[PDB]
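Now for the letters of each chain:
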Amino acid sequence: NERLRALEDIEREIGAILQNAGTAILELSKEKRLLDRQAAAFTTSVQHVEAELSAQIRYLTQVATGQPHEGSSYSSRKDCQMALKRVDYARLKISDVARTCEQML
Amino acid sequence: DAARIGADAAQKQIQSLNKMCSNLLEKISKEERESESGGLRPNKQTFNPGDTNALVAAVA
């Protein structure tokens, strides 16, 4: 759950770091203010993105041997399907009884 | 014109300022590289079965 958001934020930060490095290079090579701080921030963000990528790659490696988490609660799915079918059949029978009663009265 | 403005602030002074900015940026980049070179290896941590194996239960 949180690892997905972490990887998404890491990718967004890598993109932002690339953009900041490009902008800092442009501002520094245009003419010769904040170019030094911009380059420092860009280098720091690039290093942080690299560290985050290395940490995510150095994960616990849950299985890496076969198809893990086999069985997605299919029994519960089938039970819920049968319950819904029972409810639908009950509704149909109740509607039939109601039509019979309306024809009676 | 080759500078479009000025005489003392012409392409000579512009190139000098650009070289100064480039030297500052190169020094900053070299400092960042020397700081990042300290990373030895991603030393993770896990269980320690080497001790608990001999320390596992037995007839004793």
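In this view, residue numbering begins from 1 on each chain in the order the sequence is written and may differ from the entry, while residues that lack coordinates are not shown. Lettering of chains starts at A and numbering of ligands starts at 1, both following the order in which they are written. Reported values pertain to the displayed chains only, which are themselves part of a larger assembly. Only hydrogens and water are set aside when side-chain values are computed; all heavy atoms of the structure are taken into account. Residues with missing side-chain atoms are left out of burial classes, side-chain pairs and their counts.

The deposited coordinates derive from cryo-EM, with the record listing a resolution of 4.02 Å.

As recorded in the PDB entry, chain B goes by the name Mediator of RNA polymerase II transcription subunit 8, listed as coming from Mus musculus. Per the header of the deposited record, the title is "Atomic model of the mammalian Mediator complex".

The name the PDB entry assigns to chain A is Mediator of RNA polymerase II transcription subunit 11, from the organism Mus musculus. UniProt positions are given in the numbering used here, feature names are shortened, and annotations may be inferred rather than shown by experiment. Looking at chain A in UniProt, the text filed under Subcellular location is "Nucleus". Under the heading Sequence similarities, UniProt records this for chain A: "Belongs to the Mediator complex subunit 11 family."

A. Region of interest: the overall build of chain B. Counting from the N terminus, the helices are DSSP H or I runs at least four residues long and the strands are E runs at least two residues long. Within chain B one finds 2 helices and 0 strands. Compactness check: chain B gives a C-alpha radius of gyration of 30 Å against a globular reference of 10 Å for 60 residues, more than 25% above the reference. Dimensions of chain B, computed from C-alpha atoms along their principal axes, come out at roughly 95 × 15 × 10 Å. The globule rule is 2.2 Å times the number of residues to the power 0.38, and the radius of gyration it is compared with is taken over C-alpha atoms.

B. Molecular detail of the overall build of chain A. A count of helical and extended segments in chain A gives 3 helices and 0 strands. When its helices and strands are written in sequence order, chain A yields α-α-α. In terms of overall size, chain A is more extended than a compact globule, its C-alpha atoms giving a radius of gyration of 30 Å where 105 residues would be expected to give roughly 13 Å. On the principal axes, the C-alpha backbone points of chain A span a range of 95 × 45 × 15 Å.

C. Seen up close, unusual backbone geometry. Residue and element names in this part refer to chain A. One non-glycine residue with positive phi stands out, namely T61, at about 55°. Tracing the backbone through its elements, the reader meets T61 in the loop between α2 (35-57) and α3 (74-104). The phi dihedral of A64 is positive, around 55°, even though this residue is not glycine. Mapped onto the fold, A64 is located in the loop between α2 and α3.

D. Region of interest: the packing of helix α1 (residues 2-30) of chain A against α2 of chain A. Residues and elements named next belong to chain A. Whenever a helix is involved, its axis is fitted only over the stretch in contact; in every case the axis is a line through C-alpha atoms, and angles between N-to-C directions fall within 0 to 180 degrees. The N-to-C vectors of α1 and α2 enclose an angle of 155°; their axes lie 8 Å apart at closest approach. When the axis of α1 is compared with that of α2, the two are roughly antiparallel. In the packing of α1 onto α2, the handedness of the crossing is left-handed. Here α1 contributes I10, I14, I17, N20, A21, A24 and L28 to the contact with α2, which in turn contributes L35, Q38, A39, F42, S45, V46, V49 and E52. For the contact of α1 with α2, a count of residues per class yields 11 nonpolar, 3 polar and 1 charged. Geometric relationships in this document are graded by angle, where less than 35 degrees denotes roughly parallel, more than 145 denotes roughly antiparallel, 65 to 115 denotes roughly perpendicular, and other angles denote oblique. By the definition used in this description, the sense in which the near helix is turned from the far one sets the handedness, with an anticlockwise turn below a right angle giving left-handed and a clockwise turn giving right-handed. In this analysis, two residues are considered to be in contact whenever any of their non-hydrogen atoms come within 4.5 Å of each other. Note that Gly is not counted as nonpolar here; it falls among the polar residues with everything else outside the nonpolar set of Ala, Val, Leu, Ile, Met, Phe, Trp, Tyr, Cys and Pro and the charged set of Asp, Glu, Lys and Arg.

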